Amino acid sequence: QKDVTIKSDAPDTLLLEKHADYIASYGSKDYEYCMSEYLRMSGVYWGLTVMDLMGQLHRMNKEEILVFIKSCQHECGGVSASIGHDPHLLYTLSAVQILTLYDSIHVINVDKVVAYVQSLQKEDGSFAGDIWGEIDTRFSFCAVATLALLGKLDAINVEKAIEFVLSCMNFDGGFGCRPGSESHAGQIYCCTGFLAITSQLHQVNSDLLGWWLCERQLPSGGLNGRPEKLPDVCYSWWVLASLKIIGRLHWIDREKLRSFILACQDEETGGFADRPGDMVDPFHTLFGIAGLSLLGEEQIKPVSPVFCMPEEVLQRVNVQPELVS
């Protein structure tokens, strides 16, 4: 019932040139940019990945990013979002993803990254995001995704990690943040991504979860993150990637979703917004373009549904987890 109505003058064409220009110029000054410094490393990851999916990575500042990443690794091995900020699993993952895109993993101390991740695992198998102990399946995914990309999954207690994640599975086939938490598409992506990396997709009820996920698609064509909420273009990533991992991507109406995603583009400034008529940002630009790649858009490089990075990059590092289909 809650849904957007798409306007008939909404963009129906893919504006790659505009999106590459938008991202290439992003952070050239600035209120939102300054207020969001707490996520800068992930912000850099979103921009670089989307530019690489569009074949435009060369227009970004490699040498400058490598120096920034090195300066963000703390003595404990963890990486912070920006200089002076505190280390966290989220930004550790984003940094390792960036270094993987640039084939420059040697830039940071890998042994110490591994030690940091290892240290955040709890007795029940969960992961805290940092030393202050917040537990979230988001962090389980960050820990194994980081380690997989480094070739070091054997460094953690994998069976306990699996047990914790499966304890977060709900009556509807989905997953939440922690045991007892309500299902949400974002957590579902993290947990199905976790289970792909650790080779446990046979423990997912793909038909039940797949149904719950395809019921995210509203009459507008756009996807929400859970029942009775508004569509948001970043669910084109969270929901579709999960469906792809569990082999049920065809349970979505591809053409209606594609039209919704294209309608979220700003024809003037470039970039994508969460919904038509809202303000654009790099986060929704990545996830809109990544969502289109998953739907088979020819102008965009194929994207790994697990790691949200071009598949050609993961082929290069030989880490491509088997999906259900």
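Counting begins at 1, following the sequence as shown. Think of the rigid core as the biggest set of C-alphas that the two forms share within 1.5 Å after superposition.
For the pair 258-266 and 31-39, rigid core superposition yields a higher RMS C-alpha distance in 9 other deposited structures of this protein in 31-39.
Between stretches 236-244 and 197-205, greater average Cα displacement in 9 other deposited structures of this protein relative to the shown form, fitted by the core, falls on 236-244. Where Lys29 is followed by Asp30 in the displayed chain, the model omits 1 to 3 of the deposited residues that sit between the two.
Higher average CA B factor: 20-28, of the stretches 297-305 and 20-28.
Taking the PDB entry as given, 268-276 carries the higher mean Cα B factor of the two stretches 42-50 and 268-276. Out of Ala128, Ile246, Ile108, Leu213, it is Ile108 whose C-alpha atom has the highest B-factor in the PDB entry. Among the modelled residues of its chain, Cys76 has a C-alpha B-factor that falls in the highest third according to the deposited record. The deposited CA B-factor of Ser104 belongs to the highest third of values across its chain. Among the modelled residues of its chain, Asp172 has a C-alpha B-factor that falls in the lowest third according to the deposited record. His202: CA B factor lies in the middle third for its chain, per the PDB record. When the modelled residues of the chain are ordered by C-alpha B-factor, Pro227 sits in the middle third.
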